[PDB]
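Novice: The structure that follows is given in the form of structure tokens.
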Amino acid sequence: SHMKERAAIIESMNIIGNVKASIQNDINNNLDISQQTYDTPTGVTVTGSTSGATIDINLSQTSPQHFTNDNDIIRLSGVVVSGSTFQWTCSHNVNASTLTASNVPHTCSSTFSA
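Residue numbering for the sequence shown follows the authors' numbering, beginning at 25 and increasing consecutively.
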């Protein structure tokens with residue numbers, strides 16, 4: 025089922041594109057992300073600080089037709105530093121999840137443990 029799972033994760037990034045944009049705009053207006061309120065879809069958690077931001081997608085909530093395990097979380101981590109333009113990195117949870125290098129898109133093969 026690794027293919028349908030990947031497809032669903034690729035599609036899930038559309039759920040958060042405007043959240044990413046909102047966060048970037050807020051950083052560009054020198055706001056602390058932790059102090060803002062974001063318009064986001066269900067199953068999504070936003071955290072951050074003055075120095076970055078994290079968006080978690082709980083796939084069992086966003087995409088229940090493909091994922092049922094509550095640890096199946098994709099994380100987008102956003103940051104700007106002097107040396108490079110604001111950039112997002114995608115990672116997947118490996119703590120008792122179903123998410124592996126095989127069933128996540130190649131852009132998300134980085135790992136974390138929730």
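C-beta: ideal position from N, C-alpha, C; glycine also.
1. Decide if the stretch 27 to 45 is in contact with the stretch 110 to 129; the criterion is three or more beta carbon pairs, one per stretch, under 8 Å apart.
2. Would you give the residue range spanned by the beta strand (DSSP E) that residue 143 belongs to?
3. Helix or strand or just coil, what does DSSP make of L83?
4. Can you tell me where the beta strand (DSSP E) with residue 19 in it begins and where it stops?
5. Would you mind giving the Cβ-Cβ distance between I51 and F110, rounded to the nearest angstrom? I have them listed as a contact below 8 Å.
6. Going by alpha carbons, who is nearest to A120 out of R99, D94 and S134?
7. Specify the secondary structure class of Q59 as computed by DSSP and reduced to three states.
8. Tell me the DSSP secondary structure of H130 in three-state form.
9. Can you look up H116 in the DSSP assignment and give me helix, strand or coil?
10. Would you mind reading off the limits of the beta strand (DSSP E) that contains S73?
11. If you check the beta carbons only, do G67 and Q85 fall under 7 Å apart?
Specialist: Reading from the atomic positions:
1. yes
2. Since the displayed the chain opens at 25 and closes at 138, residue 143 lies outside it and no answer follows.
3. Of the three classes helix, strand and coil, the one that applies to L83 here is helix, per DSSP.
4. The chain is shown only over 25 to 138; residue 19 falls outside these bounds and no answer can be derived.
5. 6 Å
6. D94
7. Per DSSP, reduced to three states, the secondary structure at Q59 is helical.
8. helix
9. strand
10. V68 to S73
11. When the beta-carbon positions are compared, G67 and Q85 come within less than 7 Å of each other.
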